[PDB]
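A.B. asks: Output the structure for:
(chains A, B and C)
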Amino acid sequence: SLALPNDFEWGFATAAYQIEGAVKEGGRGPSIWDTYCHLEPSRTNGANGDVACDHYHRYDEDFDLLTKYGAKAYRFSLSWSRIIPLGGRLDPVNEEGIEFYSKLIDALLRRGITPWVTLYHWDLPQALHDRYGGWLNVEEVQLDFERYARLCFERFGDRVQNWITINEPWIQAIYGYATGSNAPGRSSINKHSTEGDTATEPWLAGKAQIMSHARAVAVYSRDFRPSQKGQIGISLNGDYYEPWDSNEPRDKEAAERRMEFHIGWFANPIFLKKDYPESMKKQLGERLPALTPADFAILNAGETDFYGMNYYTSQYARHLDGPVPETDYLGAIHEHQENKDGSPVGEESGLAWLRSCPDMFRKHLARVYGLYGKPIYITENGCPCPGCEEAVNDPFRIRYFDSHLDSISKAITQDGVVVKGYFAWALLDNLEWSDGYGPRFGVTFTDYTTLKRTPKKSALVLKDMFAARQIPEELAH
Amino acid sequence: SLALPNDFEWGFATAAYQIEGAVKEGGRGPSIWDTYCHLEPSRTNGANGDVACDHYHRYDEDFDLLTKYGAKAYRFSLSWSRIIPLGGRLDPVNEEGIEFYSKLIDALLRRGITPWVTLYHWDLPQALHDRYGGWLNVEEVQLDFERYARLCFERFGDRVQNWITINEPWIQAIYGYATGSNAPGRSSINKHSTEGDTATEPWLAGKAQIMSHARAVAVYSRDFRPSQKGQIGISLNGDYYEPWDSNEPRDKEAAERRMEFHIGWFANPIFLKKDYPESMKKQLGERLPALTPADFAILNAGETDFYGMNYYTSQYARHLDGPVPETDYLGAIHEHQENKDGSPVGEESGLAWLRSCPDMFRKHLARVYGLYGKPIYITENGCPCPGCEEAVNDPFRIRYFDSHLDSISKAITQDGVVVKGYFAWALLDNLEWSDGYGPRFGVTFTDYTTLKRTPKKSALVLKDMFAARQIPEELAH
Amino acid sequence: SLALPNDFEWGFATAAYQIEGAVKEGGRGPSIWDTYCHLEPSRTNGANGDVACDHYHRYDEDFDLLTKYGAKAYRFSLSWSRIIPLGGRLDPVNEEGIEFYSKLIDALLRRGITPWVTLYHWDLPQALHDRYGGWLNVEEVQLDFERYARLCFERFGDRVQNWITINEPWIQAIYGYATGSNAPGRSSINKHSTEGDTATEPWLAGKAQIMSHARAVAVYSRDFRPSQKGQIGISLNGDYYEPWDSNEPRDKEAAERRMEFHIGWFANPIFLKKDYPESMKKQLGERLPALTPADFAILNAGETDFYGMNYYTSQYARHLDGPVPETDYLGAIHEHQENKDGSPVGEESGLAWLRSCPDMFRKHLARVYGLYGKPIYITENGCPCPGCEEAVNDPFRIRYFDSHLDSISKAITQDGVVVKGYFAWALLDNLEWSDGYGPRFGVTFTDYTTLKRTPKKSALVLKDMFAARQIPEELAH
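C.D. replies: Numbering: from 1, shown residues only, chains lettered A, B, ... in the order given. Take a look:
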């Protein structure tokens, strides 16, 4: 029922802050999310990272869900502020934190599960923000990250051969420094509050992450990958955009300009060794922090091994007439979830911003492969069903998976896209960041008062979908 | 209360197909049972090995029942078609299959349990059947098996000291190729179906299994045992038969003839290095494939270290007036569960064919030891209760376990038979092969809808029956 | 909220006989408690060590409670009778017993938990009692113990870096050989039984453990610690006594005399290399077996690393006018739980003897450090609630744990006491020895008919107490 390779590594994915809790235990220090969640009035729906799912204490209860679900790999992330218990370079290390992750990795290997490890998933140590402004201080933050990354390669790299440096850098840059909807919540276009400057600060945070990645890849490529033999990558998200008015030249152009303002921003330095896309250099200043010949030096001393790709939904884009403000980051675009002819991007989950678009996903894989184009692992793909533990039946979610795998099969076998693997978001119901515990994305239902976890129908079926796509000269004998 | 040695290994048994499920995942391919179960009209009572107990995904839950029950050891089977994912010799190995078993072995050793691995338990690769006749082709299959065995000695044999090559070769032969009731379902004397020839095929498959065993013990003796230090053995079954008319010449003779067509067939080559019991070379042709001088060369260039014995019940055998057909495999006999003086063999379980005969179990052990006579491990023994999860109270099973441990004790200290261990069938409730899920043999009730396991009374009491049979200079305080 | 160090190793404790069960299994020979529990009429309120918690079979279920509770360390006890299946020195060594604890140690490690091992916890092999009186025989018993300690060092010493020789030597001596309330139940003053002499026996049984400890620590210091790098200690209990009538010189003296008959007895040889506290040598005879020069040879040829302290309650001692009998072991004292001015020591748990007295706990800590004064680990501390599974709400126990941790903070940062760790009695509800299963001391309620464990609130909360007292430069962000 539509052929995925054979190798094809699939599993489940979970960010650190969204499930671990144990915020002050283990000698961990605060993240910028530990401050954002406790603001008065709350910017996080009155939601907290304390407790969460209590994974820190119940990790082996969850890992046995990973063998029950038949998962092959498990993507998770490290809490920077739990390892270097906040700062970097010269700051002391938290041995208890290193030891906590070292026994998770051991826990996993014992079970036959492939650890995929993400170094940074938005949970920047607070101290570094106060000390020099966090991702706003490009020179400093990338040096502090480089040591952190390297520590992790040292302490976990003999096991763990599958690395991801930074998760969705565009959200950390834009939601964190332009709109302020994510930690640290800085902006000129909100309420608000104390500080921000959405005209210059997102483009700093981007370059800082871009260089942070480059540094760690250079470290890994030169000093580790030979002896340790592993992959390293970055994972970018980005909706596919096709034109609003299909019959209009200016919007076939406006839909691609958006996808260069989202993916091209990062994928040009990190994969093509070119600097910023020109559509993007021409709108923003000056305001766009130049890549110096020293930057391409760190970039050209290391390979990024794969394109990690977070996908959930697509959209229609269409132009502007007017001359855009400084405070525009999308690249002169009005985004819609409907086109000219009233028809939607298609079938919804709700939320509302996420809707199931299985053949714009396929289109997405074909564009993102060739420009750029390294192998694509799908590092996040998931969904919330529309609508208690009536949640055990999630037929919407099952059909979301199936149709989105069908266009991975299609992309591979009809468009010659190399896709190597797929992590489903998420293993547990999380804290959906500043959305709170509202949204339930996981294939396991977490009962936030009992901290009890019971499987949804999707968890027990997903192994059977993968099993029925790999074969294949046995669909006989 | 009735001394079993001190050493005396005991624990539970399970068979690969009967519990694992995950029939298509982990790159495993079809065994011949996968085809037999899916016949239309079903020859397996509408039953499936798809799922079963889902032990592929719940194995570690099951193993904590092993320590909950005080089990010292655990016999289980590999799925040939999961390891060499269909065929042998020149065929690719399934690494996901080999590592799945790697982590079982590992999980057991961690719990202090002693893995006892059966290599073959009726789940011959399907491709092998299609490619040359499966067990019907003696020259090929034994070579395909030798490589298979050798892969296992390499991959699991530094752990794993205790090996059983083939489980109940008599059933595979006769029920698989003479009566057609077990997979692959070929016979002349059934409906039916397409193929079979009960005149000639069970004797081929017999020798093919005998030689497959010899081959593997050859490999193990010459190439692994010296370094790995361990046992290889075969586990044969066979009811004990005594005359139907005690008072009378031709039954003292008829019963033992039936016990040669059943144990001696296999035991003569594998233990005595003699060929086929002559009472058998004399009834079958010609139809009985001769052990070539090249076969006694494989047989006596390696030693089988123990007699693995399955036992469930006993019977009264007795003769033919008339000259027996070509389609007679029991050895010119018709068998009863009754002597003529009316009395039953003794106390039934139902089923209906299996009744608890502890007296004749003892006579059996003494017969089977000295002719042939190596140490006996009882590698399967168990029953189903007469009669929901009312099943938790299983007094019948307990008294069954008790009275047969009694006769083991009796056989050791009075008859001087060496009996080194006892595996109870079964740990879980299974697919009882072509009988389906109906007959519950386990000491754990499995709930086939939830896949829930809860122990039965017998599970928690058996550990105590052994502890009280092994002391012994402290029964003093 | 009141600073405990940073290191500060905290966890839960349990004794061997109290939770293990499986009294005949694993070839384990009887302890002295095995006989005392089965006496007619019962001296243990009709209670039994068989089954108990059945932790022998359910150890992994409880260790999972360990990480759920966020424990750092776990103090447990070996069963001498189970390792050397009864006796010492020349007796065989039960392998099935050594491998059992090797897999607890293995399992604890695998979870990140630090094993703390108590060699002896009141469960002396019965064979030794009958062979030469056990503890009454100083010469033989200290020799059989040195072999035992040694073998443990050998078989578990490369894992396991923290050893406790004997748990509460005072109780084994006085309740065992003076009043008879504990096994083996000898005394001149009781119900009854056939033998005893409280005049002389408790002081023999004291010396015999002192030298057993001395022996073990001799071995460990000289042969193991340099390579194995670890700690060895003894854990001593004893109430804190302050004067009954404040205003009175006669028994600011008698309180301290009672603490020397209770702690100084053991602490003087074991930590100061003095012999018996003067006041004690001068009341007892004759009857107090002198420390030969050869004993102070063992003693100062190896050092005890730390002071294990068992604390539960406190008390008002004070005087005797009268000349003391030959059967007074307390030190010429009448002990009350209230002073002259009516007021109680403070707040009851019940039981009735155990009251929550945090104020004097601090004074205790201050006294025991400086004479003697090595770092102190509270190797036991806990209580039962005043009062079914309404026990899950244990707000008295939480208030007990909190106040007594406050004293530890206070003692450290103001009285200059080194306290390095705290173990809470107990992880589970136990067999509280001769009291039976009545008193529920655990932070996990154990249903003795289901052997089901469910956490009380204290368990889930304790980990947050410690998190909150360790920090400490981020108490800010």
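A.B. asks: how much space between the nearest residue to residue A:243 once chain neighbours are set aside and residue A:341?
C.D. replies: In this structure, residue A:243 finds its nearest non-sequential neighbour in residue A:251, 3.8 Å apart by CB to CB, 6 or more residues apart in numbering or on different chains. Bear in mind the C-beta positions are built from the backbone N, C-alpha and C, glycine included. Using CB to CB, to the nearest Å, one obtains 13 Å as the distance from residue A:251 to residue A:341.
A.B. asks: got the residue ranges for the helices in the stretch 151-300 of chain A?
C.D. replies: Counting by DSSP state H, counting those that start in this stretch, the stretch 151-300 of chain A has helices at residues A:169-177, A:201-223, A:225-228, A:249-259, A:265-267, A:278-283, A:295-298.
A.B. asks: Tabulate these (TSV), appending distance to residue C:138.
C.D. replies: Putting these into TSV (distance: least, CB to CB, whole Å) gives the following:
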stretch	distance to residue C:138
helix A:169-177	71
helix A:201-223	63
helix A:225-228	59
helix A:249-259	86
helix A:265-267	78
helix A:278-283	88
helix A:295-298	74
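A.B. asks: quick revisit: when residue A:251 and residue A:341 are compared, which one has more neighbours?
C.D. replies: Set side by side, residue A:251 and residue A:341 show unequal neighbour counts under other CB atoms under 10 Å in any protein chain shown, the larger going to residue A:251 at 24 against 8.
A.B. asks: right, and the more buried one touches residue A:332 too?
C.D. replies: No - Residue A:251 sits out of contact with residue A:332 when judged by CB atoms under 8 Å, with a separation of 11.5 Å.
A.B. asks: Overlap in contacts, the two.
C.D. replies: Overlap between the neighbourhoods of residue A:251 and residue A:332 consists of residue A:319, taking contacts as CB atoms under 8 Å, 6 or more residues apart in numbering or on different chains.
A.B. asks: coming back round to it: for residue A:314, which of the helices of the stretch 151-300 of chain A is the nearest?
C.D. replies: Among these, helix A:249-259 comes nearest to residue A:314, with 10.2 Å by CB to CB.
A.B. asks: Which elements pack onto that closest one?
C.D. replies: In this structure, helix A:249-259 makes packing contacts with strand A:240-243, strand A:314-318, judged by 3 or more CB pairs under 8 Å, 6 or more residues apart in numbering or on different chains; DSSP states H and E.
A.B. asks: Let me know the angle separating the last one from helix A:249-259.
C.D. replies: For strand A:314-318 against helix A:249-259, the angle between stretch directions is 130 degrees (axes from the mean of the first three to the mean of the last three CA atoms, to 10 degrees).
A.B. asks: contacting residues around strand A:314-318?
C.D. replies: So strand A:314-318 is in contact with A:239-245, A:248, A:251, A:254-255, A:258, A:333-339, A:345, A:357, A:360-361, A:364, going by CB under 8 Å, 6+ apart.
A.B. asks: Those residues of chain A touching chain B, which are they?
C.D. replies: Chain A comes close to chain B at residues A:6, A:64, A:67-70, A:110-112, A:463-464, A:466-468, A:470, A:474, A:477, as judged by CB under 8 Å from any CB of the partner chain.
A.B. asks: Please list only the buried members of those residues.
C.D. replies: When neighbours are counted using 16 or more other CB atoms under 10 Å in any protein chain shown, the residues of chain A next to chain B contain these buried positions: A:64, A:67-70, A:110-112, A:463, A:466-467, A:470, A:474, A:477.
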